[PDB]
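Observations on the three-dimensional arrangement
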Amino acid sequence: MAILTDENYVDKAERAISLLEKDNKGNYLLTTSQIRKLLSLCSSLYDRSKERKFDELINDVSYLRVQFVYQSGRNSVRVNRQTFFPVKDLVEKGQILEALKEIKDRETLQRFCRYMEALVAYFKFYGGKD
Amino acid sequence: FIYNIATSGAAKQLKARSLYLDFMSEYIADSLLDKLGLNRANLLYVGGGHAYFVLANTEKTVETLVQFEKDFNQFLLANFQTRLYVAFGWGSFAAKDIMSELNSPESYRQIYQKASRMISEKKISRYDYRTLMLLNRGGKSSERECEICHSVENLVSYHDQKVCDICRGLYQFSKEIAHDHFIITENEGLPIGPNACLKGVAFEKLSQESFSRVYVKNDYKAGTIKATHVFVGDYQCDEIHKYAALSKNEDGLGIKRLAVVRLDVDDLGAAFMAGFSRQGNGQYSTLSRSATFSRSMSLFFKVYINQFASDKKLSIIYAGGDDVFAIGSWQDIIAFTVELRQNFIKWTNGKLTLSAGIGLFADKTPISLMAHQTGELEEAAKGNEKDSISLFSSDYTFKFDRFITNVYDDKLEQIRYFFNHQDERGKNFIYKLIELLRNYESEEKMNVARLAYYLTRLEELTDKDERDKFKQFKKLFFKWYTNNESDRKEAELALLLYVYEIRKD
Amino acid sequence: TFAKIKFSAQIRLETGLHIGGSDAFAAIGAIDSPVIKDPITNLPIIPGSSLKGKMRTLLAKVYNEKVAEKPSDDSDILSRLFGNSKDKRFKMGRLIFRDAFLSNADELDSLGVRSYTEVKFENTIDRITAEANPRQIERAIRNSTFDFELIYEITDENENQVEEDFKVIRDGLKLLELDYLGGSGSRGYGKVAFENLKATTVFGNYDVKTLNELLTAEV
Amino acid sequence: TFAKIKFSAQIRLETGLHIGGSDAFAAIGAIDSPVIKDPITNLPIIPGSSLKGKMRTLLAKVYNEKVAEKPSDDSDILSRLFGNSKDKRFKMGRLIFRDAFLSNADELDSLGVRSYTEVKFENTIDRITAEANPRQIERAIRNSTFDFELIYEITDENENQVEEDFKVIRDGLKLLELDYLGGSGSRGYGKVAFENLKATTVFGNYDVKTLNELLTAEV
Amino acid sequence: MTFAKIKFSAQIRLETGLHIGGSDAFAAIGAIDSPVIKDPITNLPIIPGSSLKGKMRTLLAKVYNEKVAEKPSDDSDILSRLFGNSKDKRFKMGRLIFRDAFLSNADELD
Amino acid sequence: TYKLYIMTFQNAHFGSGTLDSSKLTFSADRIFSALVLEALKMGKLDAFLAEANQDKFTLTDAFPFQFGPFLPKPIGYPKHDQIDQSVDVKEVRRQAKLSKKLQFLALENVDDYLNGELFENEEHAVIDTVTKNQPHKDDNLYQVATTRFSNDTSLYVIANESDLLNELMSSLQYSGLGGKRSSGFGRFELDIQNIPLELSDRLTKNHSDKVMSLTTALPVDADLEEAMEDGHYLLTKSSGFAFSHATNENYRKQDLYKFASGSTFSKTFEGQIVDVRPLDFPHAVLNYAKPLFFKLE
């Protein structure tokens with residue numbers, strides 16, 4: 001059973017973005033600057049997947065996963081005397097960590113990169129600041 | 001004959017041939033009436049190459065019709081070979097066939113159907129054995145041809161071009177179309193009939209000319225000279241070769257292009273045959289109301305279109321019956337077409353519709369190509385269950401009311417607005433929103449996401465609080481994108497129109 | 001000997017190509033400078049008129065031995081292959097060009113492209129006021145390939161010059177690789193390469209082994 | 001006689017290069033001033049229009065006896081090299097520029113870089129309120145290299161001017177090295193160097209020995 | 001009268017530690033400090049020419065401006081002709097090019 | 001009457017009088033002229049002339065081929081004897097317009113068209129115009145029309161099975177057909193197929209019943225009378241410039257008016273290889289007008 005298919009990843013990103021936690025003012029706690037490195041690495045991986053074979057891309061996928069968990073554990077915002085982890089929440093609700101483990105070829109890698117692009121598009125569509 | 005022009009000077013020729021052929025039809029009608037000793041009172045309808053008459057049912061009338069048709073067919077064979085061909089038609093009927101209290105609908109249809117069938121049979125079989133043998137005699141060694149109509153007969157040199165006699169006469173008459181008086185002489189002017197030529201002559205010289213009949217164009221006033229009055233749509237703002245440059249405004253805004261519109265009344269012949277027969281169990285099928293319908297369309301399309309075209313940078317080349325041909329700057333062409341359609345739908349209470357094709361073209365485009373492509377667009381608009389307008393290709397075919405209400409006066413307005421508030425850096429997303437509308441069937445749901453993203457970027461590339469104003473576009477163009485395909489096509493056409501309006505080149 | 005040789009190749013673009021078509025003809029294009037396309041598949045094409053004109057212009061700088069103000073006072077070499085309307089003996093040439101349609105749309109789809117054409121944004125900077133006026137030009141994607149296929153006809157009383165004409169054609173193709181195809185190629189557009197450039201006889205009988213090896217050697 | 005010479009080099013950036021595309025046609029990334037990229041590989045490129053324009057602007061400062069208010073008012077030495085749409089004899093300039101594409105992507109990967117474009121974070125500080133407004137713009141990686149090719153044609157007219165044209169080409173390359181390539185180069189961008197600058201005759205017969213020695217000694 | 005270009009070359013030797021500063025997302029893994037701007041390849045600290053140009057322009061604005069400029073486009077003729085002025089026709093292209101400075105004595109440090 | 005030659009085009013230009021005009025299908029005089037030029041370039045012109053002088057040689061205008069041969073609409077049969085209906089005038093005019101627009105019908109239903117049935121045209125080719133220029137004199141901007149086909153639609157002709165005609169068609173397929181052949185237009189791939197059993201039994205040349213023509217053929221002067229009284233037809237010009245490798249200057253050939261396809265008649269006739277050459281010209285110009293007929297119910 002593959003969580004990310006060619007038919008529902010956009011809807012998955014939509015539901016994930018709708019489920020992201022917000023502030024007392026309705027503003028998104030996650031910012032694009034918190035995930036800027038993750039998005040750059042996803043774009044470079046997507047660009048490189050078109051020509052290079054998946055054999056030399058495994059180190060890049062591993063580093064991408066390492067960056068995802070590091071940003072999940074690193075970014076934290078304290079508001080109203082309460083702390084939150086916006087990147088960790090985005091990863092959990094968007095179901096990203098185990099979506100990375102199913103990257104076994106070029107098709108799964110490009111599916112994940114398109115899923116991340118959809119997540120960013122719907123995050124910006126709902127008031128996600130930069 | 002009107003539209004086949006291949007070289008420069010095609011505008012002057014084009015209008016001259018349109019007027020020449022309308023006057024050919026009028027002269028055919030008047031000479032046929034003169035040969036029988038009748039007058040224009042017997043003429044029910046003349047225009048578009050079609051004319052109807054009520055005549056006495058005598059053997060002399062049939063004879064005079066046959067001999068007149070033979071003589072004019074010989075004249076057409078001599079002067080234009082097989083390009084033009086006239087076919088005559090007639091059906092015998094009684095008084096009781098047209099009185100509403102005594103007639104029935106199918107007989108009032110059959111009185112037209114007999115003449116129509118006989119005209120069709122004469123059109124199928126045109127020339128006899130002797131005429132065909134005379135045409136196929138060959139034996140002419142001509143090195144050179146006419147540069148406009150490619151005719152070989154009577155080639156002459158003029159302005160270092162090689163024109164035939166008819167082309168020569170039409171070039172001469174193109175300078176005479178500015179006058180309002182046109183006389184019929186025996187050998188001076190464009191040959192319009194057997195031993196009869198048409199010459200456009202100014203008023204002050206009319207006392208110095210010999211003629212058999214005189215015509216006055218676009219005048220209701222009974223002048224000092226007893227003349228036959230004709231009405232044609234002849235509005236002209238400037239020359240056709242200037243219309244491409246005239247689309248630019250005072251600030252230089254606007255694409256350097258021109259447009260040609262061809263418009264047609266929907267089911268005009270069905271309207272004439274049985275348009276009134278729907279009410280009163282067919283009691284409304286007589287000659288009088290059909291011919292009042294004909295005069296209503298004649299006054300709408302030969303006199304009134306000139307008022308609809310007032311203060312517009314365009315020229316109405318052909319306007320008679322149901323076919324309308326106009327050419328000018330593209331904005332004025334679109335506005336003229338919309339205004340004409342609205343005034344028609346108000347004139348006829350909604351009961352008859354139009355179909356329109358509006359082709360865009362660049363400077364110096366040969367007129368035959370423009371006419372052909374615009375005819376294809378008109379046919380495509382007809383194919384959309386009629387009552388449709390097709391702009392610049394077959395892909396943007398809309399119902400006229402949909403194009404008017406939703407595109408021209410709704411979206412294009414709600415785009416000029418927001419998009420005159422964005423710079424050139426943000427007036428490029430207009431191209432991007434076009435591509436996402438042309439590519440929705442690929443990647444339907446991520447093409448929508450790609451939109452949400454790209455729309456919220458135009459609303460950040462804006463200016464301080466000018467951006468609290470582009471917060472509407474995002475909500476607006478999003479729902480236009482997500483409703484259905486018709487609004488996507490409407491938004492696509494609106495964006496293309498705005499791009500053509502604000503182009504600086 | 002009446003034969004027809006068919007130089008077939010894949011024109012692979014190495015930079016973006018802009019042959020350019022009429023705004024309202026090649027579909028109504030929003031961009032200011034659209035490229036020419038197929039009327040059905042809407043894929044960019046390289047018309048045979050483009051290749052013929054560019055090859056004739058390139059070989060007009062080599063095989064002419066003089067200058068010509070019109071394509072009528074041209075060399076016998078160019079007239080015999082491209083044709084000359086005012087010469088009785090070369091009223092039609094021995095070369096027949098064909099439109100080059102897109103041949104690797106599948107490979108481009110597999111790579112991941114969304115469009116077979118791109119928008120390049122340039123500007124001009126005023127030499128006095130230093131203000132930049134932007135501009136957009138539509139190009140065909142770099143790795144697009146097109147099926148080139150050019151036919152040369154060999155007839156009786158024409159076999160003497162064949163060994164010359166071969167060379168001419170080869171030179172022209174080389175020059176088409178050393179120059180740009182139609183567009184703004186002095187600024188980087190339109191550089192092309194020929195792949196699998198081989199010639200086969202398709203009607204009649206001829207020896208194309210030496211020509212085939214020289215096509216790969218001389219190029 | 002007719003010949004074509006190919007100046008070849010590697011454009012190695014000494015600072016980050018930002019030529020710049022369009023914010024409309026960018027990716028789904030965050031806020032950036034995107035550079036122009038290839039549609040296939042999404043790698044940064046150096047369009048030949050940028051090189052041509054920078055070279056013509058720099059050489060107008062040197063070889064124009066009078067300050068030219070338009071490129072049409074350039075001297076004959078620059079009009080014959082870069083072309084002139086308002087001159088009958090200079091309609092086709094004899095210089096052909098090409099788009100330069102990234103050439104050491106494997107070397108960059110062996111150096112462990114993960115993106116071929118970086119993001120540079122700057123700010124502007126108000127002179128009174130002293131509030132810092134931030135911004136971030138995209139740059140090509142510093143030690144990237146691009147394949148530079150420049151094709152120069154020699155005809156019957158050019159033979160007496162080949163040496164002067166080579167001198168102008170060398171001056172343009174040196175001036176490009178001493179200036180920036182298109183971007184925010186007054187603030188430290190676009191510094192480039194031309195490496196392995198050699199000229200090879202790709203068509204016709206010509207002797208570029210002394211020219212190659214001049215390229216190696218001067219560069 | 002002829003066109004010329006003059007290169008002022010020097011070595012910026014820091015006397016105290018220098019912190020220009022980049023982005024928190026592009027720091028090293030496990031570091032909680034404020035990162036400096038670094039080269040993407042060598043990961044060495046650099047001095048961007050934008051910092052040098054901006055600090056020079058701001059410092060010279062207190063010497064060669066008769067009136068306190070509200071914005072950099074309000075600078076005097078000398079400052080506008082050297083550093084550039086986007087709103088002045090004759091000073092759009094300044095006659096100064098600053099360059100990014102890169103670590104040059106890494107071997108001496110080693 | 002023997003084979004069913006198929007030519008699959010990709011791009012073509014069949015000028016109807018101007019460079020910016022291109023018809024969907026060509027006429028048989030064009031293909032006969034193309035064969036004459038290919039034969040004279042081959043050198044075997046005399047053999048083809050002798051074959052054409054025989055009465056066995058038959059040729060027809062190209063018609064659309066989309067999974068089955070098509071036939072031109074028989075001009076002269078909208079006859080009310082099978083179209084007598086009680087529908088309203090709106091539907092009568094709509095069907096009249098649809099039949100007028102119709103130009104080609106599938107073979108399997110041609111007689112169905114004669115039974116009063118109404119059929120619509122099918123997508124065969126798109127005719128588009130391309131603008132081209134000359135970048136040394138900045139005044140020529142000429143437009144060329146094309147006939148780009150689609151949906152596996154080809155053109156087909158019917159002719160005798162001859163080895164000379166087969167090799168001539170094979171040389172034609174790399175030489176183009178009509179228009180700017182050395183620019184990317186006119187080229188085709190040839191296929192040889194058998195005439196279907198529902199068609200070959202109808203292709204006739206000699207009897208006295210209702211015959212619909214398949215060729216733009218002008219009858220001999222002996223039997224034009226029967227085509228005049230009881231013949232339905234359309235008149236087509238065949239003017240143009242006569243191609244010639246013997247004269248520097250281009251001479252217009254004599255305009256000749258033939259009978260189009262498919263013109264209906266009550267009896268068959270004989271065609272002409274008519275000499276349309278201008279006077280004092282060294283070689284002939286042959287215009288092919290020889291009909292192949294189709295029987296009607």
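Residues numbered from 1 in each chain as written, not as in the entry; some residues may be left out. Chains lettered and ligands numbered in written order. Part of a larger assembly, values for the part shown. Heavy atoms only, no water. Residues with missing side-chain atoms left out of burial classes, pairs and counts.

Listed as the method for this PDB entry is cryo-EM; the listed resolution is 2.72 Å.

With that settled, the discussion passes to the overall build of chain C. Of regular secondary structure, chain C possesses five helices and seven strands. Principal axes of the C-alpha set define a box for chain C whose edges measure 60 × 45 × 35 Å. (Helix = DSSP H or I, 4+ residues; strand = E, 2+ residues; numbered from the N terminus.)

Before going further, it helps to examine the overall build of chain F. Per the secondary structure count, chain F includes seven helices and 20 strands. Radius of gyration (C-alpha) of chain F: 20 Å, near the 19 Å computed for a compact globule of 297 residues. With respect to the three principal axes, the spread of C-alpha positions in chain F is 65 × 45 × 35 Å. (Rg over C-alpha atoms; globule rule 2.2 N^0.38 Å.)

Residues and elements named next belong to chain F. The antiparallel open sheet is built from four strands, whose spatial order is β2-β9-β1-β10. Each end of this open sheet is capped by a strand with a single partner; those strands are β2 (63-65) and β10 (188-191). Neighbour to neighbour, the strand axes of the sheet diverge by 35 degrees on average, direction disregarded. Relative to strand β9 (residues 154-156), β2 runs antiparallel, the two being bridged by three bridges. Bridging across to β9, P64 finds its partner in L155. (Pairing = 2+ DSSP bridges. Axes fitted to C-alpha atoms, helices over the stretch in contact; angles between N-to-C directions.)

Contacts are most numerous between chains C and F, taken over all 11 pairs of chains that touch. Structurally, chain B and chain E remain out of contact, their C-alpha atoms never closer than 17 Å. For chain A and chain F, which are not in contact, the least C-alpha distance works out to 30 Å. (Contact = heavy atoms within 4.5 Å.)

We now examine the packing of helix α9 (residues 330-347) of chain B against helix α11 (residues 400-411) of chain B. All names here are of chain B. Two elements in contact, α9 and α11, have axes whose closest approach is 11 Å; the angle formed by their N-to-C orientations is 125 degrees. In terms of orientation, α9 and α11 fall into the oblique class. In the packing of α9 onto α11, the handedness of the crossing is left-handed. Only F400, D401, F403, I404 and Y408 of α11 make contact with α9, whose side of the interface consists of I334, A335, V338, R341 and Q342. Taken together, the residues of the contact of α9 with α11 sort by class into seven nonpolar, one polar and two charged. (Parallel < 35°, antiparallel > 145°, perpendicular 65-115°, else oblique. Left-handed = near helix turned anticlockwise from the far one by under 90°. Nonpolar A, V, L, I, M, F, W, Y, C, P; charged D, E, K, R; others polar.)

Soluble globular proteins tend to bury their nonpolar side chains together. Among the nonpolar cores identified, the biggest contains 126 residues, and A:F68, A:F112, B:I334, B:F392, B:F403, B:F473 and B:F477 are the most heavily contacted of them. Counting residues per element, this core draws most heavily on helix α6 (residues 106-125) of chain A, which supplies 12 residues. Leave out the neighbours within four places in its chain, and B:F392 touches B:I334, B:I358, B:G359, B:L360, B:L377, B:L496, B:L497, B:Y500 and C:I28. Counting residues in each nonpolar core, the second largest holds 60 residues, with F:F9, F:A28, F:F70 and F:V157 among its members. (Core = buried A, V, L, I, M, F, W, Y, C linked by side-chain atoms within 4.5 Å. Buried < 20%, exposed > 50% of the residue type's maximum accessible area, 1.4 Å probe, protein only.)

With that out of the way, let us pick up the pairing of strand β2 (residues 50-53) of chain B. All names here are of chain B. Pairing of strand β1 (residues 43-47) with β2, which is carried by four bridges, proceeds in the antiparallel orientation. Bridge pairing in β2 links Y45 to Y52. Between β1 and β2, which pair antiparallel and follow one another directly, the connecting turn spans two residues, one of which, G48, has a positive phi of 65 degrees.

Here the focus is unusual backbone geometry. In this chain, F:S261 is followed by F:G262 through a cis amide linkage whose omega measures 0 degrees. Structurally, F:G262 is set in the loop between β16 (257-259) and β17 (264-265). Despite not being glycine, A:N80 has its phi angle at roughly 55 degrees, a positive value. For A:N80, the position within the fold is in the loop between β1 (77-79) and β2 (82-84). Phi is positive for D:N42, which is not a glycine, with a value near 60 degrees.

At the interface, 34 residues of chain C touch 37 residues of chain F. Breaking the side of chain C that touches chain F down by element, the ones donating at least two residues are α1 (48-59), β2 (95-96), β5 (145-154) and β7 (192-203) of chain C. For the side of chain C that touches chain F, the per-class residue count stands at 14 nonpolar, five polar and 15 charged.

The next thing to look at is helix α8 (residues 287-308) of chain B. Helix length check: α8(B) (22 residues) gives 30 Å between terminal C-alpha atoms against 32 Å at 1.5 Å per residue, within 8%. The opening residue of α8(B) is B:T286, an N-cap whose side-chain oxygen sits 3.4 Å from the backbone nitrogen of B:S288. (Expected span 1.5 Å × (residues − 1). Polar contact = N/O pair within 3.5 Å; in protein donor to acceptor, adjacent residues only side chain to side chain.)

For the rest of this paragraph, the subject is the interface of chain F and chain B. Contact with chain F, which involves 34 residues of that partner, is made by 33 residues of chain B. Of the roughly 3,100 Å² buried between chain F and chain B, counting both surfaces, carbon and sulfur atoms make up 56%. Remark: the boundary between chain F and chain B carries one salt bridge. Across the pair F:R252 and B:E145 runs a salt bridge, and its minimum N-O distance is 2.9 Å. The interface formed by chain F and chain B holds 10 residue pairs in polar contact in total. (Buried area = accessible area lost by both parts, 1.4 Å probe. Salt bridge = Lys/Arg side-chain N within 4 Å of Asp/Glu carboxyl O.)

Moving on, we get to the sheet that holds strand β14 (residues 388-391) of chain B. Residues and elements named next belong to chain B. What the six strands build is an open sheet, ordered β11-β12-β10-β13-β14-β15; its pairing is mixed. Edge strands, defined here as strands with exactly one partner in the open sheet, are β11 (314-320) and β15 (397-399). Direction aside, the axes of adjacent strands within the sheet are offset by 15 degrees on average. Alignment of strand β13 (residues 354-361) against β14, held across three bridges, turns out to be parallel. Bridge pairing in β14 links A356 to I389. Against the sheet, α8 makes contact with β10 (258-265), β11 and β12 (323-329), and its axis sits at roughly 165 degrees relative to β11, the strand it touches most. Sheet contacts for α11: β13, β14 and β15; angle to β15, the most-contacted strand, approximately 90 degrees.

Turning our eyes to something else, we now look at the side chain of F:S99. All names here are of chain F. Within the secondary structure, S99 is located in helix α3 (residues 89-101). Accessibility expressed as a relative area gives 16% for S99, which makes it buried. The residues contacting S99, other than those within four sequence positions of it, are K73 and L118.

Here we come to helix α5 (residues 165-174) of chain B. Because an α-helix completes one turn every 3.6 residues, residues spaced three or four positions apart along the sequence face the same direction. By the criterion of burial, α5(B) is predominantly enclosed, with eight of the 10 residues buried. What α5(B) keeps buried is the set B:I166, B:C167, B:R168, B:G169, B:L170, B:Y171, B:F173 and B:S174.

All names here are of chain C. Mapped onto the fold, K198 is located in strand β7. For the pair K198 and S50, spaced 148 residues apart in sequence, the C-alpha separation works out to 21 Å. Once you skip the residues sitting within four places of it in the chain, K198 turns out to touch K6, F7, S8, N212 and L215.

Here the focus is the packing of aromatic side chains. The relative placement of two aromatic rings is captured by the distance of their centres and the angle of their planes. Following the criterion strictly, the structure yields 70 aromatic pairs over all chains and no others. Note on B:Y417 and B:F418: the rings are 4.6 Å apart at their centroids and 35 degrees apart in plane angle, and the pair reads as tilted. Note on B:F418: relative accessible area 2%, which makes it buried. A cation sits over an aromatic face here: B:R17 above B:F1, 4.5 Å from the ring centre. Taking the ring centre of F:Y77 as reference, the NZ or CZ of F:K79 above it sits at 5.1 Å. (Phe/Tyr/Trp six-rings, centres within 6.5 Å; stacked < 30°, edge-to-face > 60°. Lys NZ or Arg CZ within 6 Å of the ring centre and 35° of its normal.)

Now for the packing of α8(B) against α9(B). Residues and elements named next belong to chain B. α9 packs onto α8 with a crossing angle of 145 degrees between their chain directions and a minimal axis gap of 11 Å. Pair α8 / α9 crosses with right-handed handedness. Residues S296, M297, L299, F300, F301, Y304, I305 and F308 of α8 touch α9, and the partners they reach there are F336, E339, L340, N343, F344 and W347. Along the lines of polarity and charge, the residues of the contact of α8 with α9 split into 11 nonpolar, two polar and one charged.

Per the counting criterion, the structure on display carries 95 salt bridges over all chains. Here B:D34 and B:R213 are joined by a salt bridge, their closest N and O atoms 3.0 Å apart. Placement of B:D34 in helix α1 (residues 10-35) and of B:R213 in strand β8 (residues 213-217) is noted, with a sequence separation of 179 residues between them. Each of C:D76, C:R80, C:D87, C:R89, C:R94, C:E164 and C:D165 takes part in salt bridges that share partners, so that together they form one network.

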